[PDB]
């Protein structure tokens, strides 16, 4: 049926797509849609199609730079660019559909929890005035369904941070200034905007990256005002911390997870020509981030305990918690542990995530398994 709606754009190559990704599904309240698992033609990974008119493009990759002074000079030759806070949460695309506000996560999933929560952060008025518009933003905070951590200054459950506004079908991105007005017009919370800079501002930008890193914050995104040039640069902190987080589940992750972030550290250290004791300090922190969580996980598997973590979320409607478990099932494996209704306007829900692979590999290994490399 939506196979015709797809034809309104591409061919029987839709059939070639039916092979392994780019699939059908119903929504938070039974709103059937097609999610592009893999990217075909001009429709990116994570692209959602509800109908010919409502086509929410996938959020593109954002290129990364490893050296800050270059890369900046390379990309923003002599132009001027905005520097925004890169917030560590999860990517959310927000649309209004038949009066319903929707939260589309990166993969192209209409997510129950997000969907339920967006209204708290985005006024309905916006879409009433702007049907043709999508909001893109980071959902971030201590009580998050996905990421373990977030910005240290968000004290209670999730918060929403806008960083893009796009029109539908096209997915074309509105100018920075335009998006900032929207944000202020409608009172939508927005990623911090540190200012407009040039390649000539690399020194004070170093200073910024320094502060953010001392504060345990992710890093920055650089944007041309016409939203055509976009690059990410993460802090030393993000790199070491990502390693600390992931070392606890070492065997749940591809080796590249670790080496990539080792790179990014080396390059930082090279670029700032850090040496002597400051270098030692960083080396030691790389060591501990790699070893301690790993070793603690080993002691754990050894005490016959499982590798797990408990994380919390707040909901309006308890049945959406259950809806999450099913949504998670479309990916990982989580179970409920405690409901504290003792929350105004809802319930704090504690989930449990298990890490079978991490637990099994460590198990076998400490069990004395012999293997080939």
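Residue numbers count along the first chain shown, from 1.
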query	finding
Higher-B stretch (mean Cα B-factor, as the entry records it), 24-32 or 306-314	24-32
Higher-B stretch (mean Cα B-factor, as the entry records it), 236-244 or 71-79	71-79
Top Cα B factor in the deposited entry, candidates 179, 273, 98, 117	98
Residue 128 - which third its CA temperature factor falls in, relative to the rest of the chain	highest
Third of the chain, ranked by Cα B-factor, where residue 264 sits	lowest
Within-chain third of residue 167 by Cα B-factor, per the entry	highest
Relative C-alpha B-factor of residue 213, binned into the chain's lowest, middle or highest third	lowest
Third of the chain's Cα B-factor distribution that residue 45 belongs to, per the entry	highest
